[PDB]
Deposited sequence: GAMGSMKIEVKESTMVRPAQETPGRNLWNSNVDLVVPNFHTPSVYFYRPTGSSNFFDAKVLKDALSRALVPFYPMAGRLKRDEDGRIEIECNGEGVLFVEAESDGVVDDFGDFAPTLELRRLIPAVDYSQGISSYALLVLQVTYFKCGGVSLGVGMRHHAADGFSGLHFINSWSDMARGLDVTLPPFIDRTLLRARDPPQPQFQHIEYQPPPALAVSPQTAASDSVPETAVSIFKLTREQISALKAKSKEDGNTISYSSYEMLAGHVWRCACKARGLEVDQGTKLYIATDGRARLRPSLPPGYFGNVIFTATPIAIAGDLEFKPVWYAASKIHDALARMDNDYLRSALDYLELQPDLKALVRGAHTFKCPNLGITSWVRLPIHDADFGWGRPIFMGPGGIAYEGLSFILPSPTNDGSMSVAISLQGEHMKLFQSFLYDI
């Protein structure tokens, strides 16, 4: 069902904010143009002012005071490096309406259908033209509402963007920001001189699509974790390791790769706790590093799930302060950072990528009318990319959203639920 635009506003900060050219660290620069957009769904409560646009716009405005750089624009320094000009220009807030309803979306799988709930940007007018944040509220025929979110990635990672949405929602409820952002990315300066200690494969470029979401209950996760006993393995891995291993292996098995073929899994990892000393709480920026375990598909399939899990485990444990400092230094010495961005090539078969939203507060956005019944990626831009979502109800379950070739999706599902 078509989606009509009712109203559009460039929401500026509630009062004047200070100016500043906000320096971008190397991990702020090695990101795609835009974050994976996100979508929330809420159910009507009966209340007459359910998601009152005015209440929201004002709330947005007030939130953009402590989070001022979010109202900024991308510009370049003397050296061609990208920085955020804190000019207070603001964020785009769009009011839309649909003749269809919320159940029309079913399982909320991140198909193309969902992109229509986030606004489309003209990222073809120069880098200073467009907003860092676009927000869309869509009003539904059965009283339901979706909030849709697009954030240009140079502004911040998912952890920091969500810090902002959440704080916006607190403000709607007449609260102040519980934890004010700390704004200074120079804490991620490379060392001088830059002296890398590893090779960083994660950053060296290689020289009909279906999308689905599959729920796994608390009991299936638990059964799945228990497979760590198979063939007398004595080492326990976490639920995440086993489930991410299981996803990798199901993808390999369903894609039908040969025994002797290589598969790289790309894993996104939050540096916030790994760094020493650790960042200030509410650090506003990007802090995602990448672990890339590598395997022969023969091994992954023909060994128990715990093998795949063990590769994910090793790769992640390696991501300590030394590795991350080294990766900052590695990036410092590279001639062109945008050359190193992972495109549609990176995840095509036989490779894969997996992001976990499990530790993200994706469900804390209560604007005064309750928590969302779902929050998820609003569209998947590439085949071979998958997301893992905690339960909107804290009932131990988890979903796997993933895009593959449509041919592989039937076997993929078959193998996922073989527990």
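(request) Would you list the gaps, meaning deposited-sequence stretches without C-alpha coordinates, in the order they occur? (result) Absent from the structure are positions 1-5, 213-227.
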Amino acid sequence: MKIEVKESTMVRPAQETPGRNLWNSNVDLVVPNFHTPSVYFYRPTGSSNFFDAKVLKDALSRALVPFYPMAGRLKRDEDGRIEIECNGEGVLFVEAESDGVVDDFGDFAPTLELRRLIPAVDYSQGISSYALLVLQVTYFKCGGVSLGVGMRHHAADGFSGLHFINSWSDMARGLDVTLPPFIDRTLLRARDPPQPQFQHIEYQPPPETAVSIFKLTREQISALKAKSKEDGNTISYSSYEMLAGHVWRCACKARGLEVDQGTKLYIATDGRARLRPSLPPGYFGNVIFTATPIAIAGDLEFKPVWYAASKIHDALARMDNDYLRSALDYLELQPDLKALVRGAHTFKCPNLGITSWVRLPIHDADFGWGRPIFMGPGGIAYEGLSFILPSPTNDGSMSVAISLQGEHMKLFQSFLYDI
From here on, numbers count along this sequence of modelled residues.
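(message) Please compare 17-25 with 406-414 and say which has the higher mean C-alpha temperature factor in the record.
(response) Looking at the recorded C-alpha B-factors, 406-414 comes out higher on average.
(message) Test of understanding: from the entry's C-alpha B-factors, which stretch has the higher mean, 180-188 or 298-306?
(response) The deposited B-factors put 298-306 ahead on the C-alpha mean.
(request) Could you check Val149, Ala339, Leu328, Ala156 and tell me which one carries the biggest Cα B-factor in the deposited entry? (result) Across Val149, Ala339, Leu328, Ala156, the entry lists the biggest C-alpha B-factor for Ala339.
(request) Can you pull the Cα B-factors for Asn286, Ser167, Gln261, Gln199 from the entry and say which is highest? (result) When the deposited C-alpha B-factors of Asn286, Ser167, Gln261, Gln199 are compared, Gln261 is largest.
(request) Quick one: classify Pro66 as lowest, middle or highest third of the chain based on its Cα B-factor. (result) It belongs to the lowest third of the chain when residues are ordered by C-alpha B-factor.
(request) For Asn49, return the chain-relative third of its C-alpha B-factor as stated in the PDB record: lowest, middle or highest. (result) Its C-alpha B-factor, which the entry lists for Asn49, ranks in the highest third among residues of this chain.
(message) Can you tell me whether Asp122 has a C-alpha B-factor in the lowest, middle or highest third compared with the other modelled residues of the same chain?
(response) As the PDB entry reports it, the C-alpha B-factor of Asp122 lands in the highest third of its chain.
(request) Name the third of the chain's ranked CA B-factors that contains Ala381, choosing lowest, middle or highest. (result) Highest third - that is where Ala381 ends up once the chain's C-alpha B-factors are sorted.
(message) Please place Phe34 in the lowest, middle or highest third of its chain according to the CA B-factor in the PDB entry.
(response) It belongs to the highest third of the chain when residues are ordered by C-alpha B-factor.
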